[PDB]
Amino acid sequence: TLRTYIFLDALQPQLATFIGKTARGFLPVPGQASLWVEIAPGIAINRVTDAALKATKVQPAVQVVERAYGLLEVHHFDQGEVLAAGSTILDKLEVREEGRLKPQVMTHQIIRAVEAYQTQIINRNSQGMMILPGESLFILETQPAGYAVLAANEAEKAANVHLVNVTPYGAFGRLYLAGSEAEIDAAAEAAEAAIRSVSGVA
Amino acid sequence: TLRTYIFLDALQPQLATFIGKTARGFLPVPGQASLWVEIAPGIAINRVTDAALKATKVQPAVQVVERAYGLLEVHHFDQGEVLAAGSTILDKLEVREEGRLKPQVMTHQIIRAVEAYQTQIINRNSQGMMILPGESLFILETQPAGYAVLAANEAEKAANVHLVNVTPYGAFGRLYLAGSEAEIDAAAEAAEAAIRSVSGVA
Amino acid sequence: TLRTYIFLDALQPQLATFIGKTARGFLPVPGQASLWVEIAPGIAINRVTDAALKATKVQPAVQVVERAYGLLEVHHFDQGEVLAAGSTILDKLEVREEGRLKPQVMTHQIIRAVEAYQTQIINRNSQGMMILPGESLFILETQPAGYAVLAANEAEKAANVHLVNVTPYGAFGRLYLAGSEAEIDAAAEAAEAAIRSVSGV
Amino acid sequence: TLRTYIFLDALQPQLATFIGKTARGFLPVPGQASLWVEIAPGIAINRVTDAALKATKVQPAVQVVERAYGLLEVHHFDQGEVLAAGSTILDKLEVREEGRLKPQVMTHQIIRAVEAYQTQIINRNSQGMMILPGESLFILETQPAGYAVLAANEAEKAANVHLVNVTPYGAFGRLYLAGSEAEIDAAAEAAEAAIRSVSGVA
Amino acid sequence: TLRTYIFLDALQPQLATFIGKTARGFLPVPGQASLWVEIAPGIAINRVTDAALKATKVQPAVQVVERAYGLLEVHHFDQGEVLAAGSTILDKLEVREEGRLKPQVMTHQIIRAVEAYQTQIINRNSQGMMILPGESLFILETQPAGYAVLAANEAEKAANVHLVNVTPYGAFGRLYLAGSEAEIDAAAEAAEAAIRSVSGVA
Amino acid sequence: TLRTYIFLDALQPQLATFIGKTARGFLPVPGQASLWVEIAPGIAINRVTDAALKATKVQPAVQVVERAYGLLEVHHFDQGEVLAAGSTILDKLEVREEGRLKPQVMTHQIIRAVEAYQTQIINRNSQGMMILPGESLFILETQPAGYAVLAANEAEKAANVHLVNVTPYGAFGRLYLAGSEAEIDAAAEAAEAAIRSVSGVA
Amino acid sequence: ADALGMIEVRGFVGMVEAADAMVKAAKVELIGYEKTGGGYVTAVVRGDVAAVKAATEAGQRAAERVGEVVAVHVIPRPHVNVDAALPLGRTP
Amino acid sequence: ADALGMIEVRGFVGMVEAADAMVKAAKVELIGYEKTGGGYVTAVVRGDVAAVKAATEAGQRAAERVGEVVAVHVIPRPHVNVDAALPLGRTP
Amino acid sequence: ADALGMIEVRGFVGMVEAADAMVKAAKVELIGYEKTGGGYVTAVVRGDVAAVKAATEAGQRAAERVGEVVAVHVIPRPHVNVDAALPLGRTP
Amino acid sequence: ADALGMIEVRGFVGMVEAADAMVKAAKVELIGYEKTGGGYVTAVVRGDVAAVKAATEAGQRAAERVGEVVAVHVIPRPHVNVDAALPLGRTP
Amino acid sequence: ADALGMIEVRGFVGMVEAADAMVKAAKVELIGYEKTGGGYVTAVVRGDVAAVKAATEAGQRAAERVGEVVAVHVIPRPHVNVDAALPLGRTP
């Protein structure tokens, strides 16, 4: 059962850095194309990974088998290898492009001028770049969880923000961003305009 | 969606000690007034915490964002300051006092004269005080999970018991207690009388 | 509410080794008969464990209380002692043998010639023996989660395989097996037959 | 090279509970007799463990391979079995009872009426029973690190205290204790009198 | 006995954020004075902490009781309170300002244009702000370990850099900074000039 | 200061799989050449890593900023590339092939028919393959820690054994092997013959 | 469960002054005394450990003025098998 | 039947500190105490020979700090005429 | 009743360092201070017996550094006529 | 099961003095005797490990005085194949 | 068939320590013991060739400590006439 299928044309530097920090596998570097496949149940992602690796020369980074679901990232410098791996994944699942679920933007807030007592909790609960007291904060949950890296990529691509935390797996796809007022506002505009441009099964 | 709203007038010493051991933030001291807010979804608690910290001088301890739910503790010596933070939390959600769910006691057992083999498992899987072989045991699950700290506070307030483990977040709120027979009996009576006196939405 | 009640006449060596590596309790040794009980809710398993330990002389190895469910392993060298503990567990819950849920087999795959790029991710996120690149892989999910150790026991019992990972708790019971092709095929046949030879609800 | 050989004639309950909480092995229950051997280098302790297990019926709990040292704890109900395992361990090392290092009490202190700001650090950095604010504290370092469990055993055996932490492995053996003033003073007298009556190499 | 005594008169924000992420006691906010004491042996810092907390109103953040190099941080708004806490600490040990060890700058280097294959290692093994490929890197060790927070504080105070990792406790005190070329050169000038401006006894 | 320079000609699969399990970086695959460099102090290894990555096409897996030492692994399919990275590393330190410390075998021992109480301890404290009761055990310590991967590679290359655990970083490099009696004896002979054929400065 | 403190004076006079100072210095309970022959009696007090540590240091000081103090000892935790087998006040 | 352990202390206080340190050190059974007059009392513990040998050596180690310890001895096998004639806790 | 701890320092400054270090070193209550004229003031703490014995010994060691300590004394149980006539904060 | 204690004496007299001193000095069980011919006989006691370690070293000291002692050895835990192959008293 | 391992000790006690150390140091089967008279007994272990080569060299090292070892030998494959005639544990 397909939940998420997104093709990132280029990994931004902080997104590639956060995935290399929090990944279990071969790490990605900036400039590479990405491919996030989230399916259900969580153990068929082994067959999905094996089909992609027998087809192409792509290099897998993230394969998380959580309580119910499962996720896969494959990456390579050439976009054609990753697109052929995506075609092989769609042929192994025997689903179309639109078999993925349409991402539901649950809650998007721009928390402006965050007090220090909250920033200490947020950066204790983070792995990316640290949030500093006196900055803004953009929070964002998506359902399914695999579109949070799409949101993070398209938000870093259009602004100058800190990627505090992104969670590409689990129940919902969380996202933390930190910066100034206008930069967080532009990144929020980019993420809200890029998540809604993804069609699928509602 | 407000799941839990409870106002502790004074943290007992072992409850304050356990929250300082297992918190992510600023740790409370005994005698302080506390406030637990658990809402759904788990990322709107950042906006709730921001509103509370912009209003009052309270200090947060526990902000856990689990798989779907979000929890908030704020604490200060002044009950008026903590209730003002609670009024700001209730006004930001625009909900009432009784918008919280009704606390459902699922299972309450007094396991008497616990063997050594079970105490080894209980003490290995706990953060609070250790349980010794030959003592009683009071287990207690509540739904929603934020009333377990209320049960721990009142059961320590009206007994002389160990606080083995309390879980204020997650799907269900667990609570382990240890002591003699009559002390665990008084703690069980106090906790069951305190959870049942909390209104809400069933 | 009983979800899993499975008796094991003998723990195989790699299964006993994995349970000792990943347990929180008194570790088992091979040859010991076992007993896996998984119920709902997850906190009544303290009372079930207390009843079993007041009855018999067994040792508890794995008592995991996850987000909603609770698990209990008890083991002793005597099958009569372990079955007496099981009888006390079934009398304390006031249920029978057939009160357990029927184990649904979610996904059983045999992945042939697993490349290095997948093995690195598989056994970075494992807790047992490493799968080497080029060896085959058997995966399995059984719901309820307590039958995964039955699958692992009866799969090691009929083949020469690696026990890469088995997850006896949670929402699903996962199982990883590695080795050569025919041995993984034999272990897959034995594990699927042993899970489908289990009644319930 | 032998560094610590101490024989605990009977494990007290909080000591057995802490060893079951923090042991990587077959856990002890209270009332059992125990035996601690620490040698350097930290990989010959596997040979020592195998000699003891092939000789006797004893059952190991704490075998820690440290940065440079190696610790072993075997235990059984029968004190004859435990002393026979000790005879086998000392025969395999080809040393005697008094080849051990004489323990050095480096810094012993009683820190009566600990303020809460210090208690939160102490109980966050300890696995045993929690320390409540306003209670006494008994810290203790011994070199070698193996005799801290002897100190904890006799300190629980004499007076009624809480065991906060004991560190049997490492460069120095740390022991925390909590409780009221008179009970900590009696247990401190017991621990200091129990460590200084250990014969060996200075 | 006394190894490090440094008074940080104002915590810069990224240093305060890193300490709130990776501390043990109560978290500091920026704008606070701070004070670091590292003594040997390690368990004797529970006496120093108690002396400071019974004298003044300051609060602790870092108290690591690592093998033989125990460390203490205290912090408060009032620099009078923080200097009085430091005076109580130094008058407990019967030492002065200059009993501390003069810090040895063992290795200070600036790596230009760090590649991706090295950055993934650097920020997999760091808690602070992430490093991006193509940026600089200021590696720094000082002995004793306590002066690394001074080297982080002054370098953030005099340049616009990122704090990647600072380890104030252990054998050697590490420091990882990252930014553009001129800014890392300015931070390196500031930190190297600040560490060697410390009176001590080598 | 160079402590260990060793060049693995080809990564045998169990060594490659253990390195992929416990590496903080880009993982290796079997058949690749590998290069292990251990120096002191452990922050000049960033300079060494940067020099190797600016020179050649190698890709790192293990870079450990240890307590006092520093380790580096680089790997590539081309043995010319890996030896060119080695020549660059040795040009940066201005040392030669024989500036390394000659490894001191401290405790090697074949424990035959390891009893089931000990196997649980051994495999709980190991990341690699598990050990079964009745199998033999080969323990090993070499100083410095960087030659344990050479021992593991040659011992797997000769005989058909299982790699239980190998610790390439720390004060002492440890090695755990398990198999039948003849295969462990062949691997023991091969690893002992491989470690002592390493020229260096004792 | 209560702590145990004892004064053994060679002579009945020095024990009663010992057993009078202990019940006046702190909150203890004089449970009785033990006649082991040969001119030995032993006053036995039994309360919490904070009191019998301060009572038996004042019962000792008052008994040295009039008698021959032989043995003074405080037990913070007497074992439960001691209390059932010896006449020390808390026999079940 | 079982083995035998004895501490004999001139004084009741040293015998209790003997009889407290024995039953803590091992799994023994304090069966009573024999008053032979003249200030002599003898604590009699009883169990298997593993316990009562490692108990009375901890009984003597504590009773030499408060009392004049007269005699310490462990009998691993009291003969069948001893247990019927002497009051050693196993009168049939 | 509650135990009685007293520090008498020739000087008001030496008493305040005494009266502040006593309430920080245990759980005691500074009930007041008794000016007996001539320059002598007396800090009176009053808690239970284990606390004021650990309070005054940290109040004496604190007041010898700043003043001249005249006398230090701890009463474990004052009699009911002592509290009824003297100003010790527990007068009914 | 039980621990194994063995005295081997070249001579039937020195084995009986060995076998009689063992069963009197500790709670052991003389299960039999092994006549391996040539003048060698072997007394075997078998009980718990603290008794059979005290029995043999008290049975050797009786046997060295009257005969030639060939071997003295105590096995604290014999393997299950040893008791299922050798006549040591615990054949299943 | 299975490989053959033997220890011959002049003495029953030195055989049993050998026959215990062989069945602990590997996976071997002790089939029995051969009394050839004159005080020569012989333990016969019988497993595969990798184990009885390692068992008997650990069974010799334990039997030289307390006994008098005559001969130690390992046979990797005994012939089928040897098992059919001699009492070695695999008689058809």
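Quick notes on this structure:
Order of writing sets the labels: A, B, C, D, E, F, G, H, I, J and K. Residues in every chain begin at 1.
Throughout what follows, a residue touches a chain if its C-beta (ideal position, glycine included) is under 8 Å from a C-beta of that chain, and two chains touch if they have at least 3 such contacts.
Two chain pairs, A-C and G-I, are weighed by contacting C-beta pairs, with A-C ahead.
Of all chains displayed, D has the C-alpha centre closest to the centre of the whole protein C-alpha set. Interface repeat of J-K: among H-J, G-H or G-I, the matching pair is G-H, sharing over half of the residue-numbered contact pairs. As a whole-number value, the distance joining the C-alpha centres of subunit I and subunit K reads 83 Å.
Separation between the centroids of subunit H and subunit J, computed from CA atoms only, is 30 Å.
Between the Cα centres of subunit D and subunit I there is a gap of 41 Å.
The mean-CA centres of subunit C and subunit J are about 47 angstrom from one another, to the nearest whole unit. Counting partners per residue, subunit F has 25-27, 67, 117, 120, 124 as the residues that reach two or more other chains.
Looking at subunit J, residues 48-51 sit in touch with two or more other chains. Those residues of subunit G that touch subunit D in the shared complex are 49-50, 53, 76-77.
Residues of subunit A touching subunit F in their complex: 25-27.
The touching residues of subunit I, when paired with subunit D in their complex, are 24-27, 50-51, 53-54, 58. For subunit A in complex with subunit E, the touching residues are 13-14, 16-18, 20-21, 27, 29-30, 116-117, 119-120, 123-124, 126, 128-134, 162-163. Residues 11-14, 16-17, 19-20, 23-24, 29-33, 35, 37-41, 66-67 of subunit H touch subunit G in their complex.
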